[PDB]
Amino acid sequence: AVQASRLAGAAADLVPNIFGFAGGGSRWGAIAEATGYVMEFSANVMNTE
Amino acid sequence: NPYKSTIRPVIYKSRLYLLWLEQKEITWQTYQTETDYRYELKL
Amino acid sequence: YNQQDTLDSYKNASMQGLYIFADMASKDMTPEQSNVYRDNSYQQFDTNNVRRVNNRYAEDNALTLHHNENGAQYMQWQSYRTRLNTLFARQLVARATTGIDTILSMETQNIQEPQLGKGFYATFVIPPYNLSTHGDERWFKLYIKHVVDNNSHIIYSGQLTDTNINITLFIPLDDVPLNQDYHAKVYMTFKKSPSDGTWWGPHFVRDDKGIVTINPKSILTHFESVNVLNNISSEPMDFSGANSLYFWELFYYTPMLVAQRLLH
């Protein structure tokens, strides 16, 4: 569930969120951040289990 | 995170490698819409 | 400083700089004051093609780092070159594709290191020790000469055996030779005859293509044989060089640690 949530947030984050005379603003690192969070949680779940 | 699923594996020096082409797109209005691309090949 | 192709250009370069103090305050340097530090140590400044090593300030070339085209990095000072990186781990991947039994194998420890700089591999055969020919002290030293500077340098030191000794050495060669008839000189000294003779050892010379040959004018008597390995442009992996610790770390310590753990 957390893996899906983080992947969904990463994908929803790459779309641009500033517009007008200024463009872009999306977080290019979001996919690596989500992969880092899900790997971070993996050690915690393996400890609990 | 490839552009248009431009990913292609390769074996180099007997090790598995991945090439994919990312595109970062940026757009804004100026009415006319401008666009910037920066194509970035990752290995 | 601005990048320039020659040290001769730094002699008048408009040197910018600043000072940093122990409390990490700073002050800009005056142009006169920067030009003092320039003129004392302009040789240590890097060139566009050659990277140099800095030194503590003073008031005979500098140490230098070359990135060879074959991938060997080495440090040079006068005639001496020493390797810095090792291409062992980049060649190991093929050995790893067939697993642990191949990583630890003998031929794996014989992956070649590409040669560093420009030079030729020469094999020297040390004659048997004899008291009449060599004297009571068994020491001998191999000296190189006429590379970089006329003054000779030691390249190997050993004890004379009753057997022959086979010694294979990388001999550096300069970008442009000092003498047209012989590009490098090697002579071996011992207790009986420590003094050098003008022609009394192997002289090496190189033509336009990469082949080296021994000058017939030179006298080989101090060597049982000298051979030039013109076909060889690499040498075995080095268990005494820089990465010697990591190589002993892997081939011997790791198996012994694992075997010891499995014992308990």
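Assorted remarks:
- Residues of the range C:153-185 that turn out to be in a loop (DSSP other than H, G, I, E, B), in contact with a strand residue (DSSP E or B) (Cβ under 8 Å, 6 or more places away or on another chain) and hydroxyl-bearing (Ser, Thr, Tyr), as a count: 2
- The lone exception for residue C:42 - which of (1) touching a helix residue (DSSP H, G or I) at 6+ places or on another chain (Cβ under 7 Å); (2) not in a loop (DSSP other than H, G, I, E, B) it fails: (2)
- Within chain B, strands (runs of 3 or more DSSP E) holding 1 or more residues that are among the hydrophobic types (A, V, I, L, M, F, W, C) and within 12 Å of chain A (Cβ to nearest Cβ): B:15-29
- Test for residue A:41: is it of a type in the set (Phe, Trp, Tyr), over 8 Å from the mean Cα position of the chain (by Cα), assigned to a helix (DSSP H, G or I) and surrounded by 13 or more Cβ atoms within 10 Å (Cβ to Cβ): yes
- Residue within the range C:41-53 that is over 27 Å from residue C:151 (Cα atoms) and either acidic (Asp, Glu) or surrounded by 14 or more Cβ atoms within 10 Å (Cβ to Cβ) (or both) present: no
- Taken over the range C:77-123, the criterion of being within 21 Å of residue C:239 (Cβ to Cβ) and part of a strand (DSSP E or B) is satisfied by C:80, C:81, C:82, C:83, C:112, C:113, C:114, C:121, C:123.
- Index of the failed condition, residue A:37 passing every other in (1) within 14 Å of another protein chain (Cβ to nearest Cβ); (2) closer than 24 Å to residue B:40 by Cβ; (3) not basic (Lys, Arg): (1)
- Subset of the range C:131-142 [within 24 Å of residue C:171 (Cβ to Cβ) and either small (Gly, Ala, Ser) or surrounded by fewer than 18 Cβ atoms within 10 Å (Cβ to Cβ) (or both)]: C:139, C:141
- Counted residues, the range C:64-76 - those being within 18 Å of residue C:247 (Cβ to Cβ) and not in a loop (DSSP other than H, G, I, E, B): 2
- Search result, residues across the range C:201-245 that are part of a loop (DSSP other than H, G, I, E, B), closer than 25 Å to residue C:164 by Cα and among the β-branched types (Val, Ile, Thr): C:219, C:221, C:232
We did not get these values from a lab; they are worked out from the coordinates using the rules stated. Cβ sites come from the backbone with ideal geometry, for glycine too, and all protein chains shown count toward neighbours.
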